[PDB]
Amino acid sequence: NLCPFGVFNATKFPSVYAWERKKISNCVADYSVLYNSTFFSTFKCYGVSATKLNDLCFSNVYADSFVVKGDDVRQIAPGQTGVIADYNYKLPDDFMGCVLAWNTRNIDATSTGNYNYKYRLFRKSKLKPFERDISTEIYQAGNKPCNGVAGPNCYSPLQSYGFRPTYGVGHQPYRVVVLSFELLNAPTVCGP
């Protein structure tokens, strides 16, 4: 059975603060659709070669997908300390996989301003690697309590990109797919 990589050609990608993960079990993998394509803006791999991956086997593959700003794609890498990496999506230092991103300004940015894609600006303590937070609790920045209401030193933790087609390249919406390769002890994704 063919692996369902056609996560990439999904219609709607999730916000980076609430990214989604799909498990890829027993199936034959089609890695050749990737390394013969200049459709991506990054295509950066870690721990594994981009072409030696064809004849490799993993226990299972996990496809993380989300949307981040153009200048925030650099934070989708092991050992990054930005707002996205610390508060939205953290990669482990021993990350073994490939991050892919392609410009989607025409479909994720409207002239009125697409505010659906959000990110977390404030969070107590950085995120563990591969952790995920969806809580919209009013972040308390001071020492007096926030009673579920916003005001001074009580800000909403989620901030939304104002994606618009006239922005610079560094502020245009980029859809990201972080393919991670797991290896435990048991045999399922191959291509010898």
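Residue numbers run from 1 along the displayed sequence.
The gap between residue 6 and residue 7 holds 1 to 3 unmodelled residues of the deposited sequence.
Higher mean CA temperature factor, per the PDB entry, when comparing 31-39 with 63-71: 31-39. Per-stretch averaging of Cα B factors for 130-138 and 54-62 places 54-62 on top. The entry assigns its greatest Cα B factor, within the set 97, 82, 78, 113, to 97. Of the candidates 177, 184, 18, 10, it is 184 whose Cα B-factor is highest according to the PDB record. Compared with the other modelled residues of the chain, the Cα B-factor recorded for residue 158 ranks in the lowest third. The deposited CA B-factor of residue 86 belongs to the middle third of values across its chain. Ranked by C-alpha B-factor against the other modelled residues of its chain, residue 166 falls in the lowest third.
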